[PDB]
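J.:
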Amino acid sequence: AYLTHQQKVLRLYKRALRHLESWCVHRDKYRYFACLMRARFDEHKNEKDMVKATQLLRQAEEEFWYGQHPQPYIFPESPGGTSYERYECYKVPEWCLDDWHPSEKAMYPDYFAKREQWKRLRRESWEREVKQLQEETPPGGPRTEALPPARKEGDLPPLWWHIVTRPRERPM
Amino acid sequence: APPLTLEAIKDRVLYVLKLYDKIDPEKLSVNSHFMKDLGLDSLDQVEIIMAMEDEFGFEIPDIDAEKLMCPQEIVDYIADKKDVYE
Amino acid sequence: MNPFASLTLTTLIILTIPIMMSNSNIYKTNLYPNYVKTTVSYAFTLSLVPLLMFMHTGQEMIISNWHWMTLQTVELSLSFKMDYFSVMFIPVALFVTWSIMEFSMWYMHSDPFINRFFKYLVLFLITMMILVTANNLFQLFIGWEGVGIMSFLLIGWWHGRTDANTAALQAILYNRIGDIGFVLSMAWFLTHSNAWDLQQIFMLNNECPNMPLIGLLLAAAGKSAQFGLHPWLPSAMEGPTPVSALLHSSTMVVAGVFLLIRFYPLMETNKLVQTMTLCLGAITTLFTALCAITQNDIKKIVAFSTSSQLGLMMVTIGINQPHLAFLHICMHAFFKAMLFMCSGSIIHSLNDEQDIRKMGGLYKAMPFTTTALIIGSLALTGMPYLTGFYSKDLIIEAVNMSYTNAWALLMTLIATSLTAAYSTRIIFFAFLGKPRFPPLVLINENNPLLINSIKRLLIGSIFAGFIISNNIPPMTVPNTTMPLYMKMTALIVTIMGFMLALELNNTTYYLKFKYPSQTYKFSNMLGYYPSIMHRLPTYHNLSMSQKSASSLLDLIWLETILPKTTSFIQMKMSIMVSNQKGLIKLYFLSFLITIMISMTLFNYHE
Amino acid sequence: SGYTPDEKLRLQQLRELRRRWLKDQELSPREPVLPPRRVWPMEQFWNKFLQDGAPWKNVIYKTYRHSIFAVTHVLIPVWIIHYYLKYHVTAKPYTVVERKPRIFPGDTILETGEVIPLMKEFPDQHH
Amino acid sequence: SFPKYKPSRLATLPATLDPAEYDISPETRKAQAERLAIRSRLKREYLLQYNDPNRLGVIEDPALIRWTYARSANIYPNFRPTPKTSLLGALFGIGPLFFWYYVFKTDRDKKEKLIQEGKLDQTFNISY
Amino acid sequence: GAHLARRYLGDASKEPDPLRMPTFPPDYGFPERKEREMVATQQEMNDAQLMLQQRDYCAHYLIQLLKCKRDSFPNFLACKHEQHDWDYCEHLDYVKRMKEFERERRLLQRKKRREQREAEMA
Amino acid sequence: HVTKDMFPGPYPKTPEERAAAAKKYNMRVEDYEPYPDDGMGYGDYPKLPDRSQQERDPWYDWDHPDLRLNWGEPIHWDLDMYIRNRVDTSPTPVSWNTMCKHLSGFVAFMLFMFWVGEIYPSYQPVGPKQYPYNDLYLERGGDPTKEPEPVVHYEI
Amino acid sequence: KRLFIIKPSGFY
Amino acid sequence: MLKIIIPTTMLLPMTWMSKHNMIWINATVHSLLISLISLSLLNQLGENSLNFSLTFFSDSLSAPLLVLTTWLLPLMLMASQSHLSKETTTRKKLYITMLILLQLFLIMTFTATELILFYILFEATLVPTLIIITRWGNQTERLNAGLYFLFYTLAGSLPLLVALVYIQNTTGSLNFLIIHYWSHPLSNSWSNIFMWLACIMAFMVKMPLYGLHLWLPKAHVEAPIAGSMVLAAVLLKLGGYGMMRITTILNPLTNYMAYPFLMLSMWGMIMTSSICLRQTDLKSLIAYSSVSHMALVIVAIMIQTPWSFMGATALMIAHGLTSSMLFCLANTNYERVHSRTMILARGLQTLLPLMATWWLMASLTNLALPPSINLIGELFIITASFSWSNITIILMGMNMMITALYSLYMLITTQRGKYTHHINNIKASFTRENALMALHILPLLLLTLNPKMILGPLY
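The following block contains the structure:
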């Protein structure tokens, strides 16, 4: 739900140090400055009344907002990276396998054999999981997107297929 | 990129966590609760998670960074990140 | 004349044969990359022979064989004019593509469509050769759009890459802006000159080419990434690293510049049009280099340098140095590309990483590339007796030893200093210092194709300037009696920028805290030009197309100004005609009025 | 907060299903099973030459591969372009036009034997 | 912390400088409970069909059909002859045509006025 | 540079105007000034098909450059004395322009203050 | 599956119909806010925040991560120019006015220093290349019939 | 080792 | 031309009493045979139009359109096979009858001798398409679509009829040969302006022209696919064939009253192309694209230059092959996804390799790569317009740039990107629609080899 007070600073502290290593570049220089700002972060670790920390939030979040690098080091797989969302042109949904000519399916016989039982495994699991999810969900629908576990007997985790059959991060 | 398997990843994180001078080698465990087993603070948790950030190369979402407690589930998290099976 | 022209025709068809075999689906898709190697290397091998007689007797001709259109007074036929520029550029282009895709075989191998990949470089190659081996602007237009759509597809090599799609979208967009001048020149030549072939246009003595010259200038501006038409060239770097060591590396960007030297017979006539080139070229040299000075990439910086270089030769065209510019392009094509895959070799070895801030300590661990990048870094600056020496140093003197505006020269020295300063910078971050890279030491370059592809570009980037300079007779009057310093200034302005960067690199080691300087941000958003041009005018143009235009003009007013009004008018008063209550007294009363007013009042009886 | 009793085994269950999924996403030893390659015995009659292992046996085949490259991609072209322009293109007026070479006053014309008279002594300003 | 970044329409105020980030009132944080709940079920129903193996083809996206229908159909029924709309209709209507009418008429008149006595460059133009 | 300062930050009339000067009869001040003569005839430049900007007086050496070069094939490290005559000719021809530049310079220098001397004596 | 109530209605005026469009458009009562009633025909469609798809968080489990959208949720009327490939509204570190001022300054200055440089045309202190044969009279394209106006220069 | 690559049925 | 007319009408009995499953095979094969016979019409003399009969004549303008219609007819026959399977045999034969009747009226229209006979079959094409658009459409609005398409064309058609019969009483004949050969200057009398007008808006309402185009987005996006191609590929061009005809007598009036339509068009395509860039429905873009491409033709005819007429003819034929392809392309996606929203099915290259190509050069021909006939028509218009006015260049040059802007945009928003994971019905691309695109594209490159056959009689 709402971002808690100590949670918001953790988020701001995260990229602020990534900004620091973007600025310092050198490892030792970053290490010296990271520890200095660590104590600076610890300078007023005490807050007592929440109103003081809100003002301390404002100055802190204003610091790390200007603390961004003009061109911060965005990793290749970072959102907006060089290799980010690069191989999406290769991953294809698993249902496309069913749309294969029998020649291709026959020339990959073992894989389609284990795909078939996986397709079967989807069947009873989907059956059991939907009659598992309906009553695991309290009235008023799901209060949050968190999804209940396979806490019954011989049951698979509800709403698993697309998570389990996710296109592997390295489709090649 | 060579087939970097979880065994290499698992060794690297625990070695770095042992390398972390504030998580000493003798007091480092596979299920090292930073708050409880190791008694670190929130900022050190940021330092721990972003140490393996540059040490492994890939990215940890912030909403997953604070959740990630123990090296065993650090290992499992990177395990499901790339989907390693060996 | 039995060799040469025939040999060129053999060279430009043998490059198409891979495509013909590719579309025939008889070729084997596995060794096709290696099959492509043999084709390009052979096509380069038969590209040397057309030079031999040009060195010997210097013969030049035009080949026009199959007549396409008669179009009353204006016949159209496929036609290649082989002159000095076209003849020796083909081996330069052929040698470059053979080496870069030789490197790309090792690099670009972890992708299913490497067969389709290498085919695309082939489809670029004949389009580019169509452009250079051209005799009328339409064929050059064929190559112009062919490479542009080729970049569109190649930049967007990963169709799932959102950034590449935007870059490709910007890539053709700016290229189509350039063609507006091409179309302007196209219309003027067919109207005022009534010609399309290059020969007739030059010799018709169009001593008033003012508007065509602007059209030619606009065309080169879009193609050569001038200011206002620059940012696509950096954007093209988003694609695969070999693709950055391709069309936009030094090949396609200079196509517009090749057009500029092509029309040099009429280009010199107007001093005004002669001026605006070296202006925009000068601004590109300062601005793009300035962005690369404070920057956090490798391919982008050398991409900015390329635009700075792309601003360089056509500055000399602006000062009427056509052949010298073309020499610079081929030298520029040599070392600019040469550092491109060397950067790519680093990128592949260091796990597809581009920012400098993660390089370091690679000097000893990356031996062959370290020498290669080190030479090429200031080979771009061109130390004496090198490809860059016979071009850059002569260029700086030539503009200085001429009649230009006061600021024209100053940007050139600023260019040389600023280019060298980051040319030293990228070495410092990459090889010198300490390896700011992940603990897993995978760094390796033992691949034979890696070494051999770059190896031929060492001999190219160092030897070519000397051999070509003595192999090409001078075109303009040599600068003999010269007041010393404006030649030595080109060499020196290179070293304090190297010296200033040297201590600037040292200040990174210094533990002194650094402030977010305005210049640092200014050069990092590329002068905020993509931050506003890609934001404000695009938003206004796209937004008004919906509130207005699509809805307000078309869907709100047009259907209300004719269909709905007339439909409503019939709708409104069809009721009063048909809402008759049926009273007989009222009906016949209307008869009486109609009967009465039939005559007397309306006097239909009179 | 780690995880919750809900999340803990939930992640564990999906992980093992994903783990076994990725095992199924591997390639079994019999995968792929390919069909026979329909090919005349002619190319196998010289590609077992290269497998003999001798230094001649495989480099000459690569040289042979370069040779077959030349004939079927370079050599048969140079014929049909040459056949094209010297009998059909040159048969049309002005299809190919060659510039006049820089004939030297001092040099001679090959066909007429006329040596173009050269100019007199240069300034000869030797530095 | 410096002279602050002024928000713009094409570059808004970030998630940092926004006042609501540090001005979290009890009702503002309370608001992020039910919007999450409706998103939770909305995500749920999508999964109950996206992860449904029985479901095949394409599920309807209500927002997409709402966007298309409002962008195509429900503009005229909501259209009004409001004087503002007629004002933007006028300047984007007959305006630009009269703009280019005058421009091309002036160009043609200025161009034509020299043809009838030979003051143009036409000698090498016998195609049209 | 120096003359740029003497005109822009100095007196424009003192320095020659590159696009207007010379402004005095060259024969005036040199009674019987011999004409800078031509070595390579019109047909020499025509038959060699030399370009106009390099069709200057030094083109007589230039045709000699190409002819040793067109006959130095294969080699390119030969052909040294040919330019040694050519660039020296361009070196001295640039001096001739430079001398003409200074001639007009001191032409402007002398008459302006000579007229200033008249302005002083009246 | 489709009906008028969940179809987009006319411009909402009464608060009850604001709630009626709220459940149809899948927000809460306070989250519904239609466009201004200037007669443009937007009507019941709500004025969603003027944001772009680039502003959207990548980490959130979007049902359409290709463009960062989710199923069922309402979308923006002007989504089309506000998607990742097209114009973006994400914040920039520099203030928009300041960076625009920087652009409008530099490009104005850039022309300015060159403009004065055009007013100050630099040149070498050298004479003109007076070409032979009447500065190549016939060669440059002179009239063969009439004789030239001999541009013949003596030596200095 | 070799994983499984997924592609649309190019036989048609 | 009865060597084409007689076999074409003979398609009706053959298609009306064939077997319940052979109607598709029989109609496709013999329509293609008619196309081959119609290919012989490409022969043209220097300037004499082929005068086969008193009531039929053809030249280098009619035949390329003639072949376009005949070559097209099997293309909707194969395109309609997809969504016409779920229908009774008698109604299916009724559909084939409408297409054949539409073809037969088209051939008579182009081959007509006098204007009135041309007018009768010209308009007569409204009836077969009206049934096609309305009876076999897909959505509620198609009823409003038919009325919008019918009245719009008719509203301009009737004034032409009055002017045409007025020609007969004044000149003495309506035959095109006599009209051009007995051409006389038209005075600037106030009556003659309306005389000029009545012969114009009939042709430009169906072009369509800016302002008078709203039926185009309201029909093509909404007609059945088979009716969509013939509407865009040929039916819009019916104004073009007429306008080259009617302009032979309406001179020298065109000098003055071209202006109110010229910059109406000149601001038109730039405006329309802007709408194409910002669409939400797939077929809406190509429909809005068609009027944008048609707009440069209006300038080409009206400017009255030989170069523009050649450019008008080339762009006319090139646009027909193109617009048919994109409309066919949209139909292929719409069938599987059961909608036409643009961003509904973005990122399908990973699943549709051959389609992604069929997107690729179809859009590129829409971008008009060189040397495709699209540019050859387009560039000729530019040179003619520039000779008319230099300031013209910026406008349509900017248009073909915004034309370029969208023409990759659906390529990005349909093929580039990531698939939608909930969608699971994109099956293997059937060879029928697949081969349909092949038959669309190969004639384009084939005509690129020898364009000299499609510049009209002015070549």
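First to last, the protein sequences are chains 1n, 1U, 1L, 1i, 1m, 1o, 1l, 1h and 1M. The first sequence begins at 7 in the authors' numbering and counts up by one. The second sequence begins at 3 in the authors' numbering and counts up by one. The third sequence begins at 1 in the authors' numbering and counts up by one. The fourth sequence begins at 1 in the authors' numbering and counts up by one. The fifth sequence begins at 1 in the authors' numbering and counts up by one. The sixth sequence begins at 1 in the authors' numbering and counts up by one. The seventh sequence begins at 3 in the authors' numbering and counts up by one. The eighth sequence begins at 6 in the authors' numbering and counts up by one. The ninth sequence begins at 1 in the authors' numbering and counts up by one. Even for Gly, the Cβ is constructed at its ideal location relative to N, Cα and C.
So, are the CB atoms of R36 (chain 1o) and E151 (chain 1l) less than 7 Å apart?
T.: no
J.: Throw me the rounded Cβ distance for the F110 (chain 1M) and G242 (chain 1M) pair, which I believe falls under 8 Å.
T.: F110 (chain 1M) to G242 (chain 1M), Cβ: 10 Å. No contact.
J.: Determine the closest residue to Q309 (chain 1L) out of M411 (chain 1L), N444 (chain 1L), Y604 (chain 1L), with distance taken between C-alpha atoms.
T.: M411 (chain 1L)
J.: Taking Cβ-Cβ distances shorter than 8 Å, what residues in chain 1n pair up with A53 (chain 1U)?
T.: By Cβ distance, chain 1n contributes nothing, its closest Cβ being about 10 Å from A53 (chain 1U), past 8 Å.
J.: Which residue's Cα is closest to the Cα of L186 (chain 1M): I246 (chain 1M), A226 (chain 1M), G211 (chain 1M)?
T.: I246 (chain 1M)
J.: Between the C-alpha atoms of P117 (chain 1i) and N65 (chain 1L), what's the straight-line distance to the nearest angstrom?
T.: 38 Å
J.: Candidates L445 (chain 1M), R432 (chain 1M), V291 (chain 1M): which alpha carbon is nearest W24 (chain 1M)'s?
T.: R432 (chain 1M)
J.: Take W182 (chain 1M) and list the residues in its own chain whose beta-carbon comes closer than 7 Å to its own, dropping the five residues that flank it on each side.
T.: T171
J.: Roughly how far, in whole angstroms, is the beta-carbon of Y264 (chain 1L) from the beta-carbon of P212 (chain 1L), given that I think they are within contact range, below 8 Å?
T.: Not quite, the Cβ-Cβ distance comes to about 13 Å (not below 8 Å), so this is no contact.
J.: Under a three-way DSSP split, which group does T70 (chain 1M) fall into?
T.: helix
J.: Compare the C-beta of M83 (chain 1l) with all C-beta atoms of chain 1L and state if any pair is closer than 7 Å.
T.: yes
J.: Where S80 (chain 1M) and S349 (chain 1L) are concerned, what is the direct C-alpha to C-alpha distance, given to the nearest angstrom?
T.: 55 Å
J.: Is there at least one Cβ from chain 1i nearer than 7 Å to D56 (chain 1U)'s Cβ?
T.: no
J.: What does a CB cutoff of less than 7 Å around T269 (chain 1L) pick up in its chain, not counting 5 residues either side in sequence?
T.: Excluding positions up to five away in sequence, the list reads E207, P209.
J.: Is the beta carbon of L375 (chain 1M) less than 7 Å from the beta carbon of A384 (chain 1M)?
T.: Taking a C-beta distance under 7 Å as the contact criterion, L375 (chain 1M) and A384 (chain 1M) do not qualify as a contact pair.
J.: Whose C-beta lies closer than 7 Å to the C-beta of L405 (chain 1M) among residues of the same chain, with five residues either side of it excluded?
T.: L277
J.: Put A187 (chain 1L) into one of helix, strand or coil per three-state DSSP.
T.: helix
J.: Would you mind stating whether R18 (chain 1i) and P163 (chain 1n) have Cβ atoms separated by less than 7 Å?
T.: no
J.: Take the Cβ of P83 (chain 1m) as the centre, count every other Cβ of all protein chains shown within 10 Å, and call the residue buried at 16 or more, exposed below.
T.: exposed
J.: Taking 6 Å as the limit between beta carbons, can you name the residues of its chain near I25 (chain 1U), skipping five residues before and five after?
T.: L19, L40
J.: Looking only at DSSP bridge pairs, what is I63 (chain 1L) linked to?
T.: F80 (chain 1L), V96 (chain 1i)
J.: Under 7 Å between the Cβ atoms of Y107 (chain 1L) and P242 (chain 1L)?
T.: With respect to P242 (chain 1L), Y107 (chain 1L) sits close: the two C-beta atoms are nearer than 7 Å.
J.: With DSSP run on the structure shown, which of helix, strand or coil describes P36 (chain 1l)?
T.: In this structure, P36 (chain 1l) counts as strand in the three-state DSSP scheme.
J.: Given a cut-off of 7 Å on the beta-carbon distance, is the pair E60 (chain 1L) and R99 (chain 1i) in contact?
T.: yes
J.: Run through chain 1i and tell me which residues come within less than 9 Å of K6 (chain 1h), C-beta to C-beta.
T.: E26, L27
J.: In angstroms, rounded to a whole number, what distance separates the CA positions of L39 (chain 1M) and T90 (chain 1i)?
T.: 34 Å
J.: Using 6 Å as the cut-off, classify the Cβ of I75 (chain 1m) as near or not near the heavy atoms of the ligand ADP, replying yes or no.
T.: This structure does not include the ligand ADP; it has no bound ligands of any sort.
J.: Cα separation between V205 (chain 1M) and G45 (chain 1l)?
T.: 32 Å
J.: Name the two residues that bound the continuous alpha helix (DSSP H) containing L329 (chain 1M).
T.: 306-337
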